[PDB]
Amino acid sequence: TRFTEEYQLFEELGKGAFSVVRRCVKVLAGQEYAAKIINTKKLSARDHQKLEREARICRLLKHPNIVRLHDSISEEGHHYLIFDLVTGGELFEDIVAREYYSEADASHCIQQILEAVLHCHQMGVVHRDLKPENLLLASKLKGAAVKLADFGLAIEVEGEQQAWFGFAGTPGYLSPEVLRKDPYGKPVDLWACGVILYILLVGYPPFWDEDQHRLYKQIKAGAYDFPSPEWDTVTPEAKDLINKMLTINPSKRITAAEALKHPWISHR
């Protein structure tokens, strides 16, 4: 209808699930964006429901540490999500390349992540799929902002009202309440944040096993620890935050607001 008229396609940034991201400019404005080009014809019934949800949910979110959706356009057989341009790749590839972060850089990183999650929550959005793969870096430059992305699995919540919103997310990062098929809500994002912080500081995750059955046992039991030697020189307040985030009871589990007031985030 109206993308072909205002936007000029440019070079490919990446491929995906019947998607192709190109750099684009809004011609008249001159400003440059990322256009996620989705093929309607090759999408499942279920995939359309997500696209619509992703579009609706992303529209609510204006924050410096969320990837902004500026526009969502439906033409014949093709759907275009117009996003902020981000040129730094995934937090994932950066953790792999640097192996692990200092307590300094881990604090700065998760602080931005927690401000992204806090905004989401205050707008009644639970993400459900926090992982390094779904965090992107603004640019290739120094101290570039971490921006939350991929709201394809995100749900809307009314206040603090828990419910069974379905089994959704990434095995390693799922919360015990989801594994227990309990009604859940905002606290599930804070368990994922736990997993991300742990990964940030030693470069491996707190819960693993070849057998998905066993991985889920560990997570439900909160069976993680802080092995020697790599954890020995890591502050007890760093660990204190992880424990407070990796609390198997979501009621006693720390919130985004609380986590940001935690002494390991707040001062330094």
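Don't overthink the numbering: it's just position in the shown sequence, from 1.
Look at the mean CA B-factor for 71 to 79 and for 132 to 140 in the entry; the higher one is 71 to 79. On average the C-alpha atoms of 24 to 32 have higher B-factors than those of the other stretch, with 24 to 32 and 239 to 247 being the two compared. Taking the PDB entry at face value, the top CA B factor among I199, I219, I57, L43 belongs to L43. Annotation for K181: CA B-factor lies in the highest third of the chain's modelled residues.
Among the modelled residues of the chain, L215 sits in the middle third by CA temperature factor in this PDB entry. Annotation for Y101: CA B-factor lies in the middle third of the chain's modelled residues. Sort the chain's modelled residues by C-alpha temperature factor and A17 lands in the highest third, per the entry. When the modelled residues of the chain are ordered by C-alpha B-factor, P206 sits in the lowest third.
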